[PDB]
Amino acid sequence: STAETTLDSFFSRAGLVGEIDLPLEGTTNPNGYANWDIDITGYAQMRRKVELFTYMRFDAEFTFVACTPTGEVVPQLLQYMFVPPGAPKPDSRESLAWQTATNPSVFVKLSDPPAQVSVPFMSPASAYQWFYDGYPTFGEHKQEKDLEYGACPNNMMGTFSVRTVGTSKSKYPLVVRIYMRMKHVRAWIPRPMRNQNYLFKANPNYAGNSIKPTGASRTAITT
Amino acid sequence: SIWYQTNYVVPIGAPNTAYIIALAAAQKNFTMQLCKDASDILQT
Amino acid sequence: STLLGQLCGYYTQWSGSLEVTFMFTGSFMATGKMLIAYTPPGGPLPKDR
Amino acid sequence: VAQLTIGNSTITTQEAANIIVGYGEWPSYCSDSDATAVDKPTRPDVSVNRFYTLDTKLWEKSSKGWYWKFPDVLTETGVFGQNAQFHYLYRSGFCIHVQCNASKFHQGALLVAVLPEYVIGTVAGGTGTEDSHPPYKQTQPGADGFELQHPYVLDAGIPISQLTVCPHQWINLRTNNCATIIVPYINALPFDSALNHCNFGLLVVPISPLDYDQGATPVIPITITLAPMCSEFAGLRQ
Amino acid sequence: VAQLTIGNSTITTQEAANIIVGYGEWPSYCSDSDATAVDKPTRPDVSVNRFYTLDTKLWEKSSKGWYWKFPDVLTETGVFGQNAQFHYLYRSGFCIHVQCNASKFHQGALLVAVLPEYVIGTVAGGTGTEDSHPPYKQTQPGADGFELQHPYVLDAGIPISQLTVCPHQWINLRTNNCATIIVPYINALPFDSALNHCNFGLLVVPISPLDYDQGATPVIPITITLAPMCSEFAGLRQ
C-alpha cells in the first residue's frame, strides 16, 4: 500500500510548535501574558519538510497543553485568544484587544483537557508559498532598499495571545505548550531538498563554508 | 546588416577564417520604367 | 556587380521586392550563428546586435 | 533542418528536436481567472510574442553556470519590456530554447532547468549572526543574466543534484546541441507584478566540464532564444 | 551511391545529385534540320557516346581557374576525336560532370558554368593602340584545358560576378562535391565546324579560395567527366 507517502500522511502528525512561559517573577513575561505569532517552523523538522514544495494549502489544528514547570495541574483559568491577520495584538494585560469580540477567545481551565481549535486557510492568495522570488508590492518605484527580498506577506496565519484570566497575577507558574497538526494538505512545484544548514528564518541564506550531503569514502573504487 | 550572434567555432584542423558569398536578384513583382542609355566608354 | 544593378543603369525608375541569399563556404566542421537584420528606409543602422 | 518564423523574427532550428512541456501543462490565457466584464486585459499576440534572442554566453573550462530571471530577462528589452513596465498586472507563459554551437571534438554536459520562485541567498562569510541580502543585480540580472558563485548549492542552499525534479533537459555535446523548455504561468495568484516578482528562474549549469585539445575553439557559445506564449497585461500607463 | 555505366566506361557517382539542364532544353537530334533525304548524317550513340574522363586538375590555394572549349576538348581524344576530325559538319549535346574529392576539413567554393561562344581576349600591356590576338593554345587548349589569367574579367572583359546568368552550379565543399550540367547544341546554324568553331566553353573558377590547416592535403583534385549526348556528323573522310 502507498497511503503512507501521501502528502496528508507526510505532514499528518501533531508536533510541538511553541512554548509559553508565564512565570511568577522574572523578565520573561512580567505582564502575565504572551503573544505568539503562528510559526509553522516552530517544530524543527518541519521547515525542510515543508520547503520540499513551493506552494501549499492546509488547515491547522492547534491543541494547548498547559501545566506548571513541574507538570503539575493547578486550578487556573486561562484565555487563548486568536488575533486574526490584520487585527491589533494586545500590548498590555489591560488592553481592549482581549475583549474584542472578533478575536475568537477560548476559556479553558488547566484542569480541563487540552483546548483544541481549527484554523482555516488564512492567506488572501490561493496558496501559501515558502519561496517568493521578488520584493514585496507595491511596485515599484525605487523602492526603499533590498532588505525586503524573499519575504512573502500572504503567508500570515494569525496570532495566539495567551493569558491567565483575572486582574491580579496568577498564584501559579505556568507553561503553555501548543501543538499544531496540518489538515487537508495540498502542495505544488517540488524543489530539491535543503542540504545546507539554515541560518535565518525568512531566507535561504547559507554559510559561505558549505558542506557535501555526505562523503564517507576515500576513493570511487573502494566501498 | 550582418552581425556575429555567436563566435566562429572550429575543431583542430579546420581553418580559422571562412568566406561568405552574397547572391542577389529581384522577385517577380519587380518592374522598371523610364529607359535611359548611360554606360562607360566605346571603342577607344 | 549584379546584373540587376547594371540593368538598372539603363532605366530611370524601378520598384519591387529583392532577394539576397548568403552562402557560407567554410569547412564542414565549422559552426556558428549570424544575425542578418533588415532596417527599413529612414531608420538608422542599429547600434548593437 | 527548417526555418521557424514568428512575427518579424526568424530562427534556424531543427525539427528533429524533443520538446519538454513543464508540468505537462501548456501556457494558456486566464479565461478561468477572476475579473472579466468589464473588462478583459490587453493581450498581445502577433507582434510582442516574437523570438527574442539574448546575447550569447561563452562557456569555458572554468565556467560555473548562469541563471536568468523571468520575466525580468525581458522587462528591459523589446515591446515586451514596454508592456511589462507600463502596466499594473502581468502574466505570461514562455517558450525557452537553449542551443549550443560546438564541434564533434568538444565535450561537456549542460543541465537546462526551470525553477519557479528561484530565491537567491548570498553570504556574509560563514557564518552569522547577521545577514547580507543579495543586491538587485544578483536577484534580477536582466537580459545579461548572472553567473553562479556556488553551483553545487544553486546559490540558495539546495543541491543541484536534485534539480532534475524541475522541468529540465540535458544538453550533451555528444548527443544534442539544443534544449527546448515550455513553461506555463506558475503562481499563487492569477496576476502579479512584472517588475517586482520573478515567477521563475532559468538555469544553465555545466555538470560535465567543457573539454577540448589545445588548438580548438576555447569558448563554446550558448545561445538562448525565448518567446512569450500567452502574454496578458492589465493597467494603464505613465 | 550507385554504379553508372554507359558503353565500356563506368564511373562512381551518387544518385543523390541535382542536375541542371542548360536553358531548360535537353539535347536532341536535328530532325529539325531539313537537310535530309538524301541522306541523314552518321550519328553514333552506342560506342562514341561514352564517359570520357579528362586528366584531373589540382586546385590550390593560389589557383585562378580553368576553362575547356567544346568540342575542342575531345577532338583529340577518343572515337569522338576521330569522327570530329574526319568529318565535314558536326553537332552534339553534352553531359558535363565535375567532381571534387576533399575532406570535411577542407573548404572552398567553385563556380561551374557554361558560356556559349566564349571568346578570349588577351592583352598587349595596357593598352594599345594595336592588338595581340590570343594563340591556339589559349583559345583551343585541348583536353588539358587552360588556366585563367584574370578571372575577375573572365579573360574577356566581362565580370565573373554575373557568370551565374549562364547555366551553372556551385561546388561548395561544405555542401556538395559534384556538379552536373547538361548542355544542348547552341548555334546560329544547325551544323558547324568541329575543329574551327567552339560552341561553348566550360568554366571552373574558385570564388572562395581553397583552405586547410597545414598538414592536410595541399591540392584538391577536380575531376571532369563528360559524355556526348546527341552526336551527329556529316561528311566523309581523308
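Residue numbers (PDB author numbering), protein chains in the order written: chain A, 74 to 296; chain B, 195 to 238; chain C, 98 to 146; chain D, 82 to 319; chain E, 82 to 319. C-beta: ideal position from N, C-alpha, C; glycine also.
No Cβ of chain C is located within less than 8 Å of the beta carbon of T156(D). Here the stretch 161-174 of chain D does not lie against the stretch 280-295 of chain A, with fewer than 3 beta-carbon pairs under 8 Å apart.
The residues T137 and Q180, in chain order, have a CB closer than 6 Å to that of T304(D) in the same chain once the five nearest residues on each side in sequence are set aside. Among the residues of chain D, those whose CB is under 7 Å from the CB of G129(C) are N182, following chain order.
Here the C-alpha atom of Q149(A) lies approximately 25 Å from the C-alpha atom of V192(A). When DSSP states are grouped into helix, strand and coil, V204(B) belongs to the coil group. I262(A) is a Cβ neighbour of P197(D), given a cutoff of 8 Å.
Collapsing the DSSP output to three states places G105(D) in a helix. At least one CB atom of chain C sits nearer than 8 Å to the CB of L228(B). For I215(B), a Cβ of chain C is located within less than 8 Å of the residue's own Cβ. For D292(E), a Cβ of chain B is located within less than 8 Å of the residue's own Cβ. Beta bridge pairing from DSSP links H178(E) with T261(E) and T306(E). Against chain E, a Cβ distance below 7 Å from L100(C) picks out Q243 and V246. At a C-beta separation below 7 Å, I206(B) has these neighbours in chain D: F186, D294, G296 and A297. Boundaries of the beta strand (DSSP E) around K256(A): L247 to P263.
Using a CB distance cut-off of 8 Å, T304(D) counts as an interface residue toward chain C. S234(A) sits in a strand when the DSSP states are folded into three classes.
Take the alpha-carbon of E134(A) and the one of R172(D): they are about 35 Å apart. In the structure shown, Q243(D) falls within a helical segment according to DSSP collapsed to helix, strand and coil. Contacts between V300(D) and chain B, judged by CB atoms closer than 8 Å, involve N201 in chain order. Interface criterion not met: the Cβ of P141(C) is under 8 Å from no Cβ in chain B. Interface residue (Cβ-Cβ distance to chain D less than 8 Å): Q202(A) is classified as such. Around the C-beta of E211(E), fewer than 16 other C-beta atoms lie within 10 Å, and the residue is accordingly described as exposed. The beta-carbon separation of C279(D) and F151(D), rounded to 6 Å, stays under the 8 Å limit for a contact. Going by DSSP, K218(E) is part of the alpha helix (DSSP H) stretching over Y217 to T220. When 7 Å is used as the limit between beta carbons, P265(A) is near these residues of chain D: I239, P240, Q243, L244 and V246, in chain order.
Distance from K185(D) to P205(B) at the Cβ level is roughly 7 Å; contact confirmed, criterion being Cβ atoms closer than 8 Å. The C-beta distance from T208(D) to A280(A) rounds to 4 Å, short enough to fall under 8 Å. Taking each of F180(A), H214(A), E145(A) and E124(A) in turn and checking the Cα distance to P246(A), the smallest one comes out for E145(A). Near chain A, meaning a CB-to-CB distance below 7 Å, no residue of the stretch 91-104 of chain D qualifies. Following the DSSP letters along the chain, one finds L191(E) inside the beta strand (DSSP E) bounded by residues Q188 to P197. The beta-bridge partner set that DSSP reports for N108(A) consists of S234(A). Here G103(E) is buried. Its C-beta has 16 or more other C-beta atoms within 10 Å. Counting the other CB atoms within 10 Å of its CB gives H187(E) a total of 16 or more, which places it among the buried residues. Ranked by Cα distance from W107(E), the options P222(E), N257(E) and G174(E) are led by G174(E).
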